[PDB]
């Protein structure tokens, strides 16, 4: 019994940089999406993609611990993540930049209310990482870890706009 997942798109990832620290971001629609705490109170953030840094404006901060950043007009990503129409939360693919490295792993996952729990392969920083279904559609945004157990908040289309 193995997790044979599909449409894994590491090119949909970027690195978010702020004075306070760094996180993982991901392209979806016209947005860059990340964890709220990566952005904090900042109105603008630095975005790193394929070795070039951009300045980007924070668009929307809902009540959920997610942040929406307007993708810079000159940043043309090779891949973007779509949301799931028929979400199966039973297994996931997690993609992240951890320090200098890409880290991708599959895991089985469990739901608690608005939250998802799953195993991760590093204890280092994964904040903002997209948690995708077996078909590569984003289900959730990685928030935190306790040891090798990860936790994410579920995202849905209604989160994008007030």
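Positions refer to the first chain, counted from 1.
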Stretch with higher mean Cα temperature factor, 47-55 vs 60-68, is 60-68
Comparing 90-98 with 119-127, where is the mean C-alpha B-factor higher? 119-127
Based on the PDB entry, the highest CA temperature factor among the options 106, 34, 114, 28 is that of 114
Modelled-residue ranking by C-alpha temperature factor, third containing residue 143: middle
Chain-wide C-alpha B factor ranking for residue 81, given as lowest, middle or highest third: middle
Lowest, middle or highest third: where is residue 16 by Cα B-factor in its chain? middle
Where the record places residue 161 (Cα B-factor, split into thirds across the chain): highest
